[PDB]
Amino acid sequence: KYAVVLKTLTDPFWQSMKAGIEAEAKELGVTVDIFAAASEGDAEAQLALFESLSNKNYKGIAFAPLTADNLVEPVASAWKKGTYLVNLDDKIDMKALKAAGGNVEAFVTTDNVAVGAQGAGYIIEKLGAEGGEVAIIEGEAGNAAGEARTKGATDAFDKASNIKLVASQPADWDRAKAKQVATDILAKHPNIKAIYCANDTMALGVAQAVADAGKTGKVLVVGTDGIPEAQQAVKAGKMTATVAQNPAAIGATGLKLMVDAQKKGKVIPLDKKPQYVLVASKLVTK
């Protein structure tokens, strides 16, 4: 049997990952027990949950760590016991894991450079031959996913000859700061035709700034994550689109890699790097 430790099970992202794991488990004909800590946003509770999956006979464990290092010790313990481990979504601190004498078979996550390229690419297509001025609302400095989305969008915009990136400023994943940053940007660059946002919380605030500026329907607003309010905003025309991740495929892929890894009969050696598997995201429109 196999086990999966998710972050929560109330967030639709994680519910969808659970759904994908179960659908893939049926296809593969394997039994998977899927868990989330009862105490949410609690790094030690997820640690204790993982450690509780030690008396059980799980051949492999896939996990989405609440923090970079909160599962380092139990993951190292599982690896030393021969458990086939797959890191889901957010990357475990591999430096800390290796220093603890452990490793994982694979890391399955979203390609966040491609996410930014996808949101920018949708904007480029929507602006047609005329193109125009565009802006990027960045995430908080030091966040790897946000830097990758900013890079992917910046590179895509730069390659498009009719597209001019006139602003690229952080709003620190904050809805109110994004509205204020976008309002400033729309005031200094009134010809802007599109804004890519590194996440939906910022995009929703940017959508308000565009509305407040009198440019509803005139400035495209593209978010990232596909959170429910962004999907609602896209349907209502308040946002143009959002780049949604595919947690179902992340989970299904993580299970497949776990089942394939156990066929080896031996876990990944300490001196090998885990397989790196990127899952494509999907544009939410209409």
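When you see a residue number, it is the position in the sequence shown, counting from 1.
**Q** Would you tell me which stretch averages the higher CA B-factor in the PDB entry, 251-259 or 28-36?
**A** Looking at the record's C-alpha B-factors, the answer is 28-36.
**Q** Of 157-165 and 112-120, which one has the bigger average CA B-factor?
**A** Mean C-alpha B-factor is greater for 157-165.
**Q** Of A62, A244, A45, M239, which one's C-alpha B factor is largest in the deposited record?
**A** Of the options given, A45 has the highest CA B-factor in the PDB entry.
**Q** Tell me which of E130, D200, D89, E105 tops the list for C-alpha B factor in the record.
**A** Answer, based on the entry's C-alpha B-factors: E130.
**Q** Using the B-factor values recorded in the entry, state whether the Cα atom of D184 falls in the lowest, middle or highest third among the modelled residues of its chain.
**A** Highest third of the chain for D184's C-alpha B-factor.
**Q** Name the third of the chain's ranked CA B-factors that contains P228, choosing lowest, middle or highest.
**A** Within its chain, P228 is a middle-third residue by C-alpha B-factor, going by the deposited values.
**Q** In terms of the chain's CA B-factor thirds, is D93 lowest, middle or highest?
**A** Its C-alpha B-factor belongs to the middle third of this chain's values.
**Q** Can you tell me whether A141 has a C-alpha B-factor in the lowest, middle or highest third compared with the other modelled residues of the same chain?
**A** Highest third.
**Q** Could you look up the Cα B-factor of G205 in the entry and say which third of the chain it sits in: lowest, middle or highest?
**A** Its C-alpha B-factor belongs to the lowest third of this chain's values.
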